[PDB]
$ cat query32.cif   # mmCIF, N, CA and C atoms and all ligand atoms
data_upload
#
loop_
_atom_site.group_PDB
_atom_site.id
_atom_site.type_symbol
_atom_site.label_atom_id
_atom_site.label_comp_id
_atom_site.auth_asym_id
_atom_site.auth_seq_id
_atom_site.Cartn_x
_atom_site.Cartn_y
_atom_site.Cartn_z
ATOM 1 N N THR A 1 99.777 139.425 137.086
ATOM 2 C CA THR A 1 100.158 140.584 137.875
ATOM 3 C C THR A 1 98.971 141.006 138.725
ATOM 4 N N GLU A 2 99.216 141.245 140.008
ATOM 5 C CA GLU A 2 98.195 141.715 140.930
ATOM 6 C C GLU A 2 98.727 142.924 141.678
ATOM 7 N N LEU A 3 97.929 143.987 141.729
ATOM 8 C CA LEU A 3 98.321 145.207 142.417
ATOM 9 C C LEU A 3 97.191 145.656 143.329
ATOM 10 N N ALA A 4 97.535 146.032 144.557
ATOM 11 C CA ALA A 4 96.569 146.525 145.531
ATOM 12 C C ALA A 4 97.068 147.849 146.092
ATOM 13 N N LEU A 5 96.233 148.879 145.999
ATOM 14 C CA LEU A 5 96.545 150.208 146.504
ATOM 15 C C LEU A 5 95.494 150.615 147.524
ATOM 16 N N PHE A 6 95.954 151.092 148.681
ATOM 17 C CA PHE A 6 95.094 151.566 149.764
ATOM 18 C C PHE A 6 94.127 150.493 150.249
ATOM 19 N N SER A 7 94.433 149.224 149.976
ATOM 20 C CA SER A 7 93.579 148.090 150.321
ATOM 21 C C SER A 7 92.181 148.213 149.724
ATOM 22 N N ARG A 8 92.010 149.072 148.728
ATOM 23 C CA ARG A 8 90.712 149.272 148.091
ATOM 24 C C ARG A 8 90.765 149.153 146.577
ATOM 25 N N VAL A 9 91.839 149.612 145.946
ATOM 26 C CA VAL A 9 91.969 149.588 144.494
ATOM 27 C C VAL A 9 92.741 148.332 144.118
ATOM 28 N N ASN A 10 92.066 147.387 143.472
ATOM 29 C CA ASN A 10 92.664 146.119 143.086
ATOM 30 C C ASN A 10 92.730 146.015 141.569
ATOM 31 N N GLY A 11 93.827 145.457 141.070
ATOM 32 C CA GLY A 11 93.992 145.251 139.646
ATOM 33 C C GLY A 11 94.651 143.928 139.321
ATOM 34 N N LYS A 12 93.974 143.105 138.522
ATOM 35 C CA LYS A 12 94.481 141.813 138.084
ATOM 36 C C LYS A 12 94.764 141.886 136.593
ATOM 37 N N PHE A 13 95.811 141.190 136.155
ATOM 38 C CA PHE A 13 96.183 141.143 134.742
ATOM 39 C C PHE A 13 96.872 139.806 134.498
ATOM 40 N N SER A 14 96.128 138.833 133.982
ATOM 41 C CA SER A 14 96.625 137.474 133.808
ATOM 42 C C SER A 14 96.583 137.117 132.332
ATOM 43 N N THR A 15 97.752 136.900 131.732
ATOM 44 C CA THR A 15 97.832 136.525 130.326
ATOM 45 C C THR A 15 98.569 135.202 130.205
ATOM 46 N N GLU A 16 97.949 134.254 129.512
ATOM 47 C CA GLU A 16 98.509 132.938 129.263
ATOM 48 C C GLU A 16 98.561 132.691 127.765
ATOM 49 N N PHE A 17 99.691 132.182 127.301
ATOM 50 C CA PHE A 17 99.846 131.747 125.924
ATOM 51 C C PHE A 17 100.214 130.278 125.927
ATOM 52 N N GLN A 18 99.754 129.551 124.920
ATOM 53 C CA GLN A 18 99.987 128.119 124.884
ATOM 54 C C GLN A 18 100.096 127.693 123.435
ATOM 55 N N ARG A 19 101.188 127.027 123.087
ATOM 56 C CA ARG A 19 101.456 126.636 121.713
ATOM 57 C C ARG A 19 101.787 125.156 121.682
ATOM 58 N N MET A 20 100.972 124.381 120.977
ATOM 59 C CA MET A 20 101.249 122.979 120.710
ATOM 60 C C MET A 20 101.591 122.838 119.239
ATOM 61 N N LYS A 21 102.543 121.972 118.936
ATOM 62 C CA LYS A 21 102.962 121.743 117.563
ATOM 63 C C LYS A 21 103.284 120.272 117.425
ATOM 64 N N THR A 22 102.713 119.616 116.427
ATOM 65 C CA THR A 22 102.920 118.190 116.238
ATOM 66 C C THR A 22 103.297 117.942 114.794
ATOM 67 N N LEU A 23 104.362 117.193 114.581
ATOM 68 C CA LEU A 23 104.758 116.763 113.255
ATOM 69 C C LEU A 23 104.839 115.253 113.258
ATOM 70 N N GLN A 24 104.366 114.636 112.187
ATOM 71 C CA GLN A 24 104.481 113.195 112.046
ATOM 72 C C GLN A 24 104.845 112.903 110.609
ATOM 73 N N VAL A 25 105.823 112.038 110.410
ATOM 74 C CA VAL A 25 106.223 111.594 109.089
ATOM 75 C C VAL A 25 106.264 110.085 109.124
ATOM 76 N N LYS A 26 105.744 109.454 108.087
ATOM 77 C CA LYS A 26 105.753 108.003 108.006
ATOM 78 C C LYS A 26 106.109 107.625 106.587
ATOM 79 N N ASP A 27 107.052 106.726 106.432
ATOM 80 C CA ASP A 27 107.443 106.263 105.120
ATOM 81 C C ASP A 27 107.482 104.748 105.129
ATOM 82 N N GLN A 28 107.023 104.158 104.043
ATOM 83 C CA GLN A 28 107.161 102.735 103.815
ATOM 84 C C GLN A 28 107.700 102.545 102.420
ATOM 85 N N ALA A 29 108.455 101.478 102.232
ATOM 86 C CA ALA A 29 108.967 101.112 100.924
ATOM 87 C C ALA A 29 109.055 99.603 100.909
ATOM 88 N N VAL A 30 108.208 98.965 100.124
ATOM 89 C CA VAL A 30 108.194 97.521 99.989
ATOM 90 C C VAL A 30 108.674 97.187 98.595
ATOM 91 N N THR A 31 109.677 96.337 98.504
ATOM 92 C CA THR A 31 110.132 95.814 97.230
ATOM 93 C C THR A 31 109.929 94.316 97.270
ATOM 94 N N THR A 32 109.313 93.769 96.247
ATOM 95 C CA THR A 32 109.102 92.338 96.179
ATOM 96 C C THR A 32 109.557 91.872 94.816
ATOM 97 N N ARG A 33 110.177 90.712 94.770
ATOM 98 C CA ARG A 33 110.541 90.099 93.514
ATOM 99 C C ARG A 33 110.341 88.611 93.649
ATOM 100 N N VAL A 34 109.816 87.993 92.606
ATOM 101 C CA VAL A 34 109.666 86.552 92.526
ATOM 102 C C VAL A 34 110.183 86.158 91.166
ATOM 103 N N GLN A 35 110.903 85.060 91.092
ATOM 104 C CA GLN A 35 111.438 84.609 89.824
ATOM 105 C C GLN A 35 111.361 83.100 89.766
ATOM 106 N N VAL A 36 110.493 82.588 88.909
ATOM 107 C CA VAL A 36 110.264 81.162 88.754
ATOM 108 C C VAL A 36 110.859 80.747 87.429
ATOM 109 N N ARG A 37 111.485 79.582 87.388
ATOM 110 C CA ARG A 37 111.958 79.047 86.118
ATOM 111 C C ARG A 37 111.882 77.535 86.158
ATOM 112 N N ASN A 38 110.962 76.958 85.403
ATOM 113 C CA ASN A 38 110.888 75.520 85.238
ATOM 114 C C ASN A 38 111.590 75.134 83.955
ATOM 115 N N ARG A 39 112.437 74.122 84.028
ATOM 116 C CA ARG A 39 113.043 73.549 82.835
ATOM 117 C C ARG A 39 112.644 72.092 82.787
ATOM 118 N N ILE A 40 111.581 71.784 82.064
ATOM 119 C CA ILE A 40 110.980 70.479 82.232
ATOM 120 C C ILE A 40 111.698 69.432 81.409
ATOM 121 N N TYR A 41 111.733 69.591 80.101
ATOM 122 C CA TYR A 41 112.364 68.586 79.268
ATOM 123 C C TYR A 41 113.660 69.115 78.703
ATOM 124 N N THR A 42 114.240 68.324 77.823
ATOM 125 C CA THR A 42 115.269 68.795 76.913
ATOM 126 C C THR A 42 115.111 67.999 75.639
ATOM 127 N N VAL A 43 114.714 68.663 74.566
ATOM 128 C CA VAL A 43 114.362 67.999 73.323
ATOM 129 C C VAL A 43 115.527 68.126 72.364
ATOM 130 N N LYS A 44 116.166 67.010 72.042
ATOM 131 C CA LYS A 44 117.338 67.019 71.185
ATOM 132 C C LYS A 44 117.041 66.266 69.904
ATOM 133 N N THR A 45 117.674 66.681 68.812
ATOM 134 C CA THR A 45 117.399 66.055 67.527
ATOM 135 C C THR A 45 118.206 64.774 67.363
ATOM 136 N N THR A 46 117.577 63.779 66.761
ATOM 137 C CA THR A 46 118.201 62.479 66.582
ATOM 138 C C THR A 46 119.396 62.616 65.650
ATOM 139 N N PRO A 47 120.456 61.829 65.832
ATOM 140 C CA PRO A 47 121.582 61.900 64.893
ATOM 141 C C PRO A 47 121.208 61.556 63.471
ATOM 142 N N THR A 48 120.246 60.665 63.272
ATOM 143 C CA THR A 48 119.911 60.157 61.953
ATOM 144 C C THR A 48 118.685 60.822 61.354
ATOM 145 N N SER A 49 118.508 62.121 61.554
ATOM 146 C CA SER A 49 117.311 62.757 61.036
ATOM 147 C C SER A 49 117.534 63.251 59.610
ATOM 148 N N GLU A 50 116.469 63.199 58.818
ATOM 149 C CA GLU A 50 116.518 63.554 57.409
ATOM 150 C C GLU A 50 116.101 65.001 57.197
ATOM 151 N N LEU W 1 112.831 100.602 110.565
ATOM 152 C CA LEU W 1 112.617 99.173 110.458
ATOM 153 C C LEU W 1 113.307 98.720 109.192
ATOM 154 N N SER W 2 113.603 97.434 109.097
ATOM 155 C CA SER W 2 114.184 96.900 107.873
ATOM 156 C C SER W 2 114.007 95.395 107.861
ATOM 157 N N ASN W 3 113.144 94.894 106.994
ATOM 158 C CA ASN W 3 112.996 93.467 106.771
ATOM 159 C C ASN W 3 113.626 93.122 105.439
ATOM 160 N N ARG W 4 114.303 91.994 105.370
ATOM 161 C CA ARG W 4 114.952 91.588 104.134
ATOM 162 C C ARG W 4 114.890 90.078 104.078
ATOM 163 N N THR W 5 113.932 89.541 103.346
ATOM 164 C CA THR W 5 113.755 88.102 103.280
ATOM 165 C C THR W 5 114.143 87.655 101.887
ATOM 166 N N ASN W 6 114.975 86.635 101.806
ATOM 167 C CA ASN W 6 115.377 86.049 100.543
ATOM 168 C C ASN W 6 115.156 84.555 100.656
ATOM 169 N N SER W 7 114.367 83.995 99.754
ATOM 170 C CA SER W 7 114.197 82.553 99.665
ATOM 171 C C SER W 7 114.944 82.087 98.438
ATOM 172 N N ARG W 8 115.105 80.783 98.291
ATOM 173 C CA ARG W 8 115.700 80.249 97.079
ATOM 174 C C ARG W 8 115.494 78.753 97.050
ATOM 175 N N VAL W 9 114.727 78.261 96.097
ATOM 176 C CA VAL W 9 114.456 76.838 95.989
ATOM 177 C C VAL W 9 115.186 76.338 94.763
ATOM 178 N N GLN W 10 115.527 75.063 94.755
ATOM 179 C CA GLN W 10 115.990 74.387 93.556
ATOM 180 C C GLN W 10 115.511 72.958 93.614
ATOM 181 N N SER W 11 114.655 72.579 92.691
ATOM 182 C CA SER W 11 114.209 71.207 92.603
ATOM 183 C C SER W 11 115.005 70.499 91.517
ATOM 184 N N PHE W 12 114.958 69.172 91.523
ATOM 185 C CA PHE W 12 115.534 68.365 90.449
ATOM 186 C C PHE W 12 114.658 67.131 90.358
ATOM 187 N N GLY W 13 113.759 67.104 89.396
ATOM 188 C CA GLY W 13 112.839 65.999 89.310
ATOM 189 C C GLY W 13 111.767 66.145 90.351
ATOM 190 N N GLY W 14 110.574 65.726 90.043
ATOM 191 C CA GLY W 14 109.478 65.903 90.963
ATOM 192 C C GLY W 14 108.584 67.052 90.546
ATOM 193 N N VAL W 15 107.562 67.265 91.354
ATOM 194 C CA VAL W 15 106.513 68.231 91.024
ATOM 195 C C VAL W 15 107.154 69.589 90.777
ATOM 196 N N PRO W 16 106.651 70.396 89.845
ATOM 197 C CA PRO W 16 107.131 71.777 89.749
ATOM 198 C C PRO W 16 106.923 72.491 91.073
ATOM 199 N N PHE W 17 108.025 72.869 91.707
ATOM 200 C CA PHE W 17 107.940 73.446 93.037
ATOM 201 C C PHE W 17 107.309 74.824 92.990
ATOM 202 N N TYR W 18 106.360 75.051 93.886
ATOM 203 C CA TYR W 18 105.751 76.353 94.076
ATOM 204 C C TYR W 18 105.784 76.648 95.561
ATOM 205 N N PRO W 19 105.815 77.918 95.957
ATOM 206 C CA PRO W 19 106.111 78.237 97.361
ATOM 207 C C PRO W 19 105.171 77.606 98.368
ATOM 208 N N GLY W 20 103.899 77.433 98.039
ATOM 209 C CA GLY W 20 102.956 76.997 99.048
ATOM 210 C C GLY W 20 102.919 75.503 99.280
ATOM 211 N N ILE W 21 103.896 74.780 98.745
ATOM 212 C CA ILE W 21 103.889 73.326 98.773
ATOM 213 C C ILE W 21 104.591 72.853 100.035
ATOM 214 N N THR W 22 104.210 71.668 100.485
ATOM 215 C CA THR W 22 104.774 71.043 101.669
ATOM 216 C C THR W 22 105.750 69.961 101.244
ATOM 217 N N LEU W 23 106.684 69.632 102.134
ATOM 218 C CA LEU W 23 107.662 68.610 101.785
ATOM 219 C C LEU W 23 107.016 67.247 101.641
ATOM 220 N N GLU W 24 105.962 66.984 102.404
ATOM 221 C CA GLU W 24 105.272 65.711 102.273
ATOM 222 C C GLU W 24 104.693 65.547 100.879
ATOM 223 N N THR W 25 104.068 66.596 100.349
ATOM 224 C CA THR W 25 103.446 66.483 99.036
ATOM 225 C C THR W 25 104.487 66.491 97.930
ATOM 226 N N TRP W 26 105.671 67.030 98.200
ATOM 227 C CA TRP W 26 106.737 66.922 97.217
ATOM 228 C C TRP W 26 107.317 65.523 97.177
ATOM 229 N N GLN W 27 107.529 64.909 98.342
ATOM 230 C CA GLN W 27 108.011 63.535 98.369
ATOM 231 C C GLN W 27 106.990 62.579 97.777
ATOM 232 N N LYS W 28 105.719 62.749 98.108
ATOM 233 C CA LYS W 28 104.689 61.895 97.547
ATOM 234 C C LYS W 28 104.497 62.104 96.060
ATOM 235 N N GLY W 29 104.963 63.220 95.524
ATOM 236 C CA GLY W 29 104.703 63.597 94.157
ATOM 237 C C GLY W 29 105.786 63.257 93.167
ATOM 238 N N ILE W 30 106.755 62.435 93.536
ATOM 239 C CA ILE W 30 107.757 61.974 92.597
ATOM 240 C C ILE W 30 107.346 60.642 91.971
ATOM 241 N N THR W 31 106.052 60.319 92.018
ATOM 242 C CA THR W 31 105.562 59.051 91.491
ATOM 243 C C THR W 31 105.861 58.890 90.012
ATOM 244 N N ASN W 32 105.923 59.983 89.268
ATOM 245 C CA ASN W 32 106.160 59.912 87.837
ATOM 246 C C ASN W 32 107.272 60.826 87.359
ATOM 247 N N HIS W 33 107.689 61.783 88.173
ATOM 248 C CA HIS W 33 108.676 62.775 87.783
ATOM 249 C C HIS W 33 110.017 62.433 88.409
ATOM 250 N N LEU W 34 110.873 61.751 87.657
ATOM 251 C CA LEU W 34 112.189 61.357 88.140
ATOM 252 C C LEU W 34 113.256 61.814 87.160
ATOM 253 N N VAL W 35 114.426 62.150 87.675
ATOM 254 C CA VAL W 35 115.530 62.642 86.872
ATOM 255 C C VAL W 35 116.779 61.890 87.292
ATOM 256 N N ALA W 36 117.630 61.550 86.336
ATOM 257 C CA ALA W 36 118.901 60.929 86.675
ATOM 258 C C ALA W 36 119.719 61.858 87.549
ATOM 259 N N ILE W 37 120.335 61.307 88.590
ATOM 260 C CA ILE W 37 121.126 62.117 89.504
ATOM 261 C C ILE W 37 122.569 61.651 89.606
ATOM 262 N N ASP W 38 122.868 60.418 89.222
ATOM 263 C CA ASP W 38 124.238 59.940 89.245
ATOM 264 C C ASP W 38 124.355 58.794 88.264
ATOM 265 N N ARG W 39 125.388 58.850 87.438
ATOM 266 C CA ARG W 39 125.495 57.985 86.283
ATOM 267 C C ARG W 39 126.911 57.458 86.184
ATOM 268 N N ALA W 40 127.027 56.216 85.756
ATOM 269 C CA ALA W 40 128.318 55.607 85.520
ATOM 270 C C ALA W 40 128.347 55.074 84.107
ATOM 271 N N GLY W 41 129.464 55.288 83.431
ATOM 272 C CA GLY W 41 129.555 54.944 82.033
ATOM 273 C C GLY W 41 130.946 54.480 81.666
ATOM 274 N N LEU W 42 131.028 53.934 80.467
ATOM 275 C CA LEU W 42 132.253 53.385 79.928
ATOM 276 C C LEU W 42 132.678 54.172 78.702
ATOM 277 N N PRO W 43 133.975 54.244 78.434
ATOM 278 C CA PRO W 43 134.434 54.925 77.227
ATOM 279 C C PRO W 43 133.826 54.269 76.005
ATOM 280 N N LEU W 44 133.561 55.083 74.986
ATOM 281 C CA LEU W 44 132.724 54.603 73.896
ATOM 282 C C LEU W 44 133.439 53.566 73.050
ATOM 283 N N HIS W 45 134.758 53.669 72.926
ATOM 284 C CA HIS W 45 135.500 52.728 72.102
ATOM 285 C C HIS W 45 135.482 51.319 72.656
ATOM 286 N N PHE W 46 134.995 51.138 73.872
ATOM 287 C CA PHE W 46 134.945 49.823 74.476
ATOM 288 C C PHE W 46 133.756 49.012 73.971
ATOM 289 N N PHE W 47 132.780 49.653 73.331
ATOM 290 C CA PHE W 47 131.633 48.936 72.788
ATOM 291 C C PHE W 47 131.815 48.533 71.338
ATOM 292 N N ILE W 48 132.972 48.816 70.747
ATOM 293 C CA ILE W 48 133.253 48.407 69.374
ATOM 294 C C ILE W 48 134.101 47.138 69.443
ATOM 295 N N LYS W 49 133.461 45.980 69.544
ATOM 296 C CA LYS W 49 134.150 44.707 69.687
ATOM 297 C C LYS W 49 133.508 43.673 68.775
ATOM 298 N N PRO W 50 134.222 42.568 68.445
ATOM 299 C CA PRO W 50 133.620 41.681 67.454
ATOM 300 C C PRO W 50 132.339 41.067 67.931
HETATM 301 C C1 LIG D 1 109.171 92.027 109.453
HETATM 302 O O1 LIG D 1 109.050 93.203 110.228
HETATM 303 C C2 LIG D 1 108.242 93.024 111.400
HETATM 304 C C3 LIG D 1 108.105 94.382 112.048
HETATM 305 O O2 LIG D 1 106.817 94.566 112.620
HETATM 306 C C4 LIG D 1 108.885 91.987 112.315
HETATM 307 O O3 LIG D 1 108.046 91.754 113.439
HETATM 308 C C5 LIG D 1 109.100 90.686 111.561
HETATM 309 O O4 LIG D 1 109.833 89.778 112.372
HETATM 310 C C6 LIG D 1 109.864 90.945 110.270
HETATM 311 N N1 LIG D 1 110.016 89.718 109.503
HETATM 312 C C7 LIG D 1 108.998 89.008 108.998
HETATM 313 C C8 LIG D 1 109.378 87.779 108.231
HETATM 314 O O5 LIG D 1 107.824 89.339 109.152
#
$ encode --input "query32.cif" --output "structure tokens"
Amino acid sequence: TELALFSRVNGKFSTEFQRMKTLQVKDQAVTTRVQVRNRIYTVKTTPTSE
Amino acid sequence: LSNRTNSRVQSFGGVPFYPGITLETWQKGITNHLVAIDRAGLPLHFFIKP
């Protein structure tokens, strides 16, 4: 606001407001699964075992 | 984001498969590890002959 009276009385009134706002959200979800199965031999009993 | 990786191996005879192996080393590695894969047979009563 600027006001001038009689070309001699001057008045300035300058008001500024400034608002910054920042939000950040980060989510991670890692699921890992490993499943190993070796079946190497098969051991069977002889028919004629004592 | 969404990553979804599913692997699945199945070996039959040959080196115990582990993820970091190459197909060349698996083929070269059946030098001693072999498994029957197809079989032909006869009914058992046919072997009881004079
Ligand atoms: C995993 O997600 C990333 C995202 O940066 C993507 O570039 C990639 O292709 C996805 N898959 C693998 C196997 O990395």
$ atom_distance --input "query32.cif" --atom1 "atom N of residue 8 (chain W)" --atom2 "CA of residue 32 (chain A)"
13.2 Å
$ atom_distance --input "query32.cif" --atom1 "atom C of residue 10 (chain W)" --atom2 "CA of residue 44 (chain A)"
23.3 Å
$ resolve_selection --input "query32.cif" --expression "the PyMOL selection byres (((not hetatm) and name CA) within 10 of (chain D and resi 1))" --output "VMD selection string"
chain W and resid 1 to 6
$ atom_distance --input "query32.cif" --atom1 "CA of residue 7 (chain W)" --atom2 "atom C of residue 27 (chain W)"
21.3 Å
$ closest_atom_pairs --input "query32.cif" --of "chain A" --to "chain W" --cutoff "10 Å" --atoms "only C-alpha atoms" --output "CSV"
residue,atom,partner,partner_atom,distance
A:28,CA,W:1,CA,9.3
A:29,CA,W:2,CA,9.7
A:30,CA,W:3,CA,9.2
A:31,CA,W:4,CA,9.4
A:32,CA,W:5,CA,9.5
A:33,CA,W:6,CA,9.4
A:34,CA,W:7,CA,9.4
A:35,CA,W:8,CA,9.5
A:36,CA,W:18,CA,8.5
A:37,CA,W:16,CA,9.5
A:38,CA,W:16,CA,7.0
A:39,CA,W:16,CA,9.3
A:40,CA,W:16,CA,8.5
$ residues_near_point --input "query32.cif" --point "(99.6, 145.5, 133.9)" --cutoff "7 Å" --atoms "all atoms listed in the file" --output "compact mmCIF listing (two decimals) with N, CA and C atoms, keeping the file's coordinate frame"
# COMPACT_ATOMS: atom_id res chain seq x y z
N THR A 1 99.78 139.43 137.09
CA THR A 1 100.16 140.58 137.88
C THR A 1 98.97 141.01 138.72
N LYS A 12 93.97 143.10 138.52
CA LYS A 12 94.48 141.81 138.08
C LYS A 12 94.76 141.89 136.59
N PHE A 13 95.81 141.19 136.16
CA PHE A 13 96.18 141.14 134.74
C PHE A 13 96.87 139.81 134.50
$ select_by_dssp --input "query32.cif" --residues "chain W" --states "helix (DSSP H, G or I)" --output "list in words"
residues 23, 24, 25, 26, 27, 28, 44, 45, 46 and 47 of chain W
$ axis_aligned_box --input "query32.cif" --around "region 40-47 of chain W" --padding-each-side "8 Å" --output "JSON"
{"center_x": 131.3, "center_y": 52.4, "center_z": 78.5, "size_x": 24.5, "size_y": 23.7, "size_z": 30.4}
$ select_by_dssp --input "query32.cif" --residues "chain A" --states "strand (DSSP E or B)" --output "list in words"
residues 2, 3, 4, 5, 9, 10, 11 and 12 of chain A
$ build_atoms --input "query32.cif" --residues "region 23-37 of chain W" --atoms "N, CA, C and O atoms" --output "PDB file, keeping the file's coordinate frame"
ATOM      1  N   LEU W  23     106.684  69.632 102.134  1.00  0.00           N
ATOM      2  CA  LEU W  23     107.662  68.610 101.785  1.00  0.00           C
ATOM      3  C   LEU W  23     107.016  67.247 101.641  1.00  0.00           C
ATOM      4  O   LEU W  23     107.473  66.429 100.839  1.00  0.00           O
ATOM      5  N   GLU W  24     105.962  66.984 102.404  1.00  0.00           N
ATOM      6  CA  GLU W  24     105.272  65.711 102.273  1.00  0.00           C
ATOM      7  C   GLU W  24     104.693  65.547 100.879  1.00  0.00           C
ATOM      8  O   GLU W  24     104.821  64.483 100.268  1.00  0.00           O
ATOM      9  N   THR W  25     104.068  66.596 100.349  1.00  0.00           N
ATOM     10  CA  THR W  25     103.446  66.483  99.036  1.00  0.00           C
ATOM     11  C   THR W  25     104.487  66.491  97.930  1.00  0.00           C
ATOM     12  O   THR W  25     104.229  66.010  96.824  1.00  0.00           O
ATOM     13  N   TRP W  26     105.671  67.030  98.200  1.00  0.00           N
ATOM     14  CA  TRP W  26     106.737  66.922  97.217  1.00  0.00           C
ATOM     15  C   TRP W  26     107.317  65.523  97.177  1.00  0.00           C
ATOM     16  O   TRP W  26     107.587  65.000  96.095  1.00  0.00           O
ATOM     17  N   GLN W  27     107.529  64.909  98.342  1.00  0.00           N
ATOM     18  CA  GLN W  27     108.011  63.535  98.369  1.00  0.00           C
ATOM     19  C   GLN W  27     106.990  62.579  97.777  1.00  0.00           C
ATOM     20  O   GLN W  27     107.354  61.682  97.016  1.00  0.00           O
ATOM     21  N   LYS W  28     105.719  62.749  98.108  1.00  0.00           N
ATOM     22  CA  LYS W  28     104.689  61.895  97.547  1.00  0.00           C
ATOM     23  C   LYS W  28     104.497  62.104  96.060  1.00  0.00           C
ATOM     24  O   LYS W  28     103.914  61.242  95.400  1.00  0.00           O
ATOM     25  N   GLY W  29     104.963  63.220  95.524  1.00  0.00           N
ATOM     26  CA  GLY W  29     104.703  63.597  94.157  1.00  0.00           C
ATOM     27  C   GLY W  29     105.786  63.257  93.167  1.00  0.00           C
ATOM     28  O   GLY W  29     105.740  63.744  92.036  1.00  0.00           O
ATOM     29  N   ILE W  30     106.755  62.435  93.536  1.00  0.00           N
ATOM     30  CA  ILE W  30     107.757  61.974  92.597  1.00  0.00           C
ATOM     31  C   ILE W  30     107.346  60.642  91.971  1.00  0.00           C
ATOM     32  O   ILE W  30     108.186  59.907  91.467  1.00  0.00           O
ATOM     33  N   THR W  31     106.052  60.319  92.018  1.00  0.00           N
ATOM     34  CA  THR W  31     105.562  59.051  91.491  1.00  0.00           C
ATOM     35  C   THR W  31     105.861  58.890  90.012  1.00  0.00           C
ATOM     36  O   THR W  31     106.026  57.766  89.536  1.00  0.00           O
ATOM     37  N   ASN W  32     105.923  59.983  89.268  1.00  0.00           N
ATOM     38  CA  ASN W  32     106.160  59.912  87.837  1.00  0.00           C
ATOM     39  C   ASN W  32     107.272  60.826  87.359  1.00  0.00           C
ATOM     40  O   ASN W  32     107.766  60.644  86.250  1.00  0.00           O
ATOM     41  N   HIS W  33     107.689  61.783  88.173  1.00  0.00           N
ATOM     42  CA  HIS W  33     108.676  62.775  87.783  1.00  0.00           C
ATOM     43  C   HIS W  33     110.017  62.433  88.409  1.00  0.00           C
ATOM     44  O   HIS W  33     110.277  62.813  89.550  1.00  0.00           O
ATOM     45  N   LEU W  34     110.873  61.751  87.657  1.00  0.00           N
ATOM     46  CA  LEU W  34     112.189  61.357  88.140  1.00  0.00           C
ATOM     47  C   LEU W  34     113.256  61.814  87.160  1.00  0.00           C
ATOM     48  O   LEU W  34     113.024  61.834  85.955  1.00  0.00           O
ATOM     49  N   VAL W  35     114.426  62.150  87.675  1.00  0.00           N
ATOM     50  CA  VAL W  35     115.530  62.642  86.872  1.00  0.00           C
ATOM     51  C   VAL W  35     116.779  61.890  87.292  1.00  0.00           C
ATOM     52  O   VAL W  35     116.953  61.599  88.476  1.00  0.00           O
ATOM     53  N   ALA W  36     117.630  61.550  86.336  1.00  0.00           N
ATOM     54  CA  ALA W  36     118.901  60.929  86.675  1.00  0.00           C
ATOM     55  C   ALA W  36     119.719  61.858  87.549  1.00  0.00           C
ATOM     56  O   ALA W  36     119.798  63.057  87.286  1.00  0.00           O
ATOM     57  N   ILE W  37     120.335  61.307  88.590  1.00  0.00           N
ATOM     58  CA  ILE W  37     121.126  62.117  89.504  1.00  0.00           C
ATOM     59  C   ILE W  37     122.569  61.651  89.606  1.00  0.00           C
ATOM     60  O   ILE W  37     123.420  62.422  90.067  1.00  0.00           O
TER      61      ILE W  37
END
